[PDB]
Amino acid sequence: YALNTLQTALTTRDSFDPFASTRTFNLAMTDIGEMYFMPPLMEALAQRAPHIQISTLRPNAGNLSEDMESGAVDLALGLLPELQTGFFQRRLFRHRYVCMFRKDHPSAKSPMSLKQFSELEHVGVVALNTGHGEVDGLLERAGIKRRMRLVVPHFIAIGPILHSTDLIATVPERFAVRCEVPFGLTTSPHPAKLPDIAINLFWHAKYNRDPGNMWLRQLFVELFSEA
């Protein structure tokens, strides 16, 4: 603790010029994260730091905690409960779950009732080891019966699937927003009581005062923080 903090503060830190910097920042995030964060982020970086490189990865890949300590991963986004001691953290926003289907669905309504929700057919996404993976069990434990026509491991094909079928889906609202116009889809408030999931920004304490890290962090907070 002590000999580490005093060492991380006595070393000369690498200055950061956003206009000139050529450095690569590595960020951890889920697929929903990638699709939500990267478009506005890359748009902003085009005007603010034109020569940096961004590279993303999923939290499960590599060893996240240790990669963050060594500087190999600069930031992490999501829920990530395993990041505690050694890690600073800051809530960006709360995902609220919502209900999605195609705009010309023959029966689906907004606001959808719990009764209709349970009559209709569904595409589910497993989303293993993320907070969205908890959704199927939350619904099962509320005794909300679901005709599960299709289950997929991840979110990539949800938009296209809902476009061509009468299936409905339970998705984070920021996913639905990135999907409504492109695939011709509406949402409804979720008729089940689903809990929100907090999305946080995490950095290791070694880089709490690194100027480049501080600069990217504050960007994330600037673009994505609702607080």
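In this text, residue numbers run from 1 along the sequence as written.
- Judged by mean Cα B factor in the deposited record, 189-197 ranks above the other of 27-35 and 189-197.
- Stretches 83-91 and 145-153 differ in mean CA B factor, with 83-91 having the higher one.
- Annotation for 126, 123, 108, 76: 108 ranks highest, by Cα B-factor.
- Compared with the other modelled residues of the chain, the Cα B-factor recorded for residue 43 ranks in the lowest third.
- Per the deposited record, the Cα B-factor of residue 215 falls in the lowest third when ranked against the other modelled residues of its chain.
- Residue 178 sits in the highest third of its chain by CA B factor, as recorded in the PDB entry.
- Residue 53: CA B factor in the lowest third of modelled residues in this chain (values from the PDB entry).
- Per the deposited record, the Cα B-factor of residue 70 falls in the highest third when ranked against the other modelled residues of its chain.
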